[PDB]
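Residue numbers (the deposited numbering), protein chains in the order written: chain B, 1 to 52; chain C, 1 to 52; chain A, 1 to 52; chain D, 1 to 52. For each residue, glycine too, the CB sits at the ideal point set by N, CA and C. Below is one structure, written out as structure tokens; the observations come after it.
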């Protein structure tokens with residue numbers, strides 16, 4: 001088992017949870033903002049083309 | 001409440017503070033640059049729509 | 001090395017792998033979304049120019 | 001001895017370097033891709049206006 005290895009495992013696990021949570025938040029934000037940009041560009045270009 | 005467990009807590013706490021700091025900076029950067037791009041896109045589309 | 005040095009190396013190694021993986025995924029996502037926006041914009045400008 | 005304190009400090013120090021390096025790479029990439037998109041958009045609007 002080892003106290004030392006269990007402690008190491010615990011540190012790696014807890015920080016992995018933190019890193020993952022922040023990673024997912026950033027991933028979701030990038031996805032959200034890039035989606036918004038595609039939508040705005042698509043709307044605007046369709047407006048330009050409809051306006052001649 | 002061992003010296004080993006207090007030490008583990010300290011390591012996790014200290015690196016969480018740093019991770020959070022960088023996360024918040026990246027979040028703010030993404031948000032500011034995306035807002036800025038939306039503004040530039042709409043300003044430019046307005047200029048094109050005004051030129052017929 | 002000593003038990004404690006090896007344990008510290010193991011903790012740093014294991015979290016570096018985690019950090020590097022999340023980093024790579026974020027880098028790939030940003031590159032993908034920005035690449036796609038450039039592709040969309042390039043196509044749209046060609047379409048606008050061809051419509052006069 | 002003080003080796004457990006020192007080793008914890010060493011772990012925090014080493015991972016701080018890793019975290020900060022990945023943070024800086026992402027910061028720089030987002031900033032670069034944003035700047036590129038802004039340049040493209042500005043060039044394209046000029047090209048379009050120069051046509052009608």
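| Item | Value |
| --- | --- |
| Using the Cα positions of residue 37 of chain C and residue 32 of chain B, report the straight-line distance between them to the nearest angstrom. | 14 Å |
| Using DSSP with H/G/I as helix, E/B as strand and the rest coil, what is residue 2 of chain B? | coil |
| Against chain D, with Cβ distances strictly below 8 Å, would residue 9 of chain C count as a contact? | no |
| Report back the beta-carbon spacing between residue 49 of chain B and residue 16 of chain A to the nearest angstrom; my notes put them in contact at under 8 Å. | So it is not a contact: roughly 50 Å between Cβ atoms. |
| Would residue 49 of chain A pass as an interface residue toward chain B - the criterion being a Cβ-Cβ separation below 8 Å? | no |
| According to the neighbour-count rule (16 or more other Cβ atoms, all chains shown, within 10 Å of its Cβ), is residue 44 of chain D buried or exposed? | buried |
| Could you compute how far the alpha carbon of residue 29 of chain A sits from the alpha carbon of residue 30 of chain B? | 8 Å |
| State yes or no: is the C-beta of residue 41 of chain C within less than 8 Å of the C-beta of residue 19 of chain B? | no |
| Which of the three DSSP states, helix, strand or coil, is assigned to residue 30 of chain D? | helix |
| Are there 16 or more other CB atoms within 10 angstroms of the CB of residue 13 of chain C, so buried, or fewer, so exposed? | exposed |
| To be precise: take each residue of the stretch 26 to 51 of chain C, compare its Cβ to all Cβ atoms of chain D, and keep it if any distance is under 7 Å. Which residues remain? | 26, 29, 30, 33, 37, 40, 41, 44, 47, 48, 51 |
| How about residue 8 of chain A and residue 7 of chain D: are their beta carbons less than 8 Å apart? | yes |
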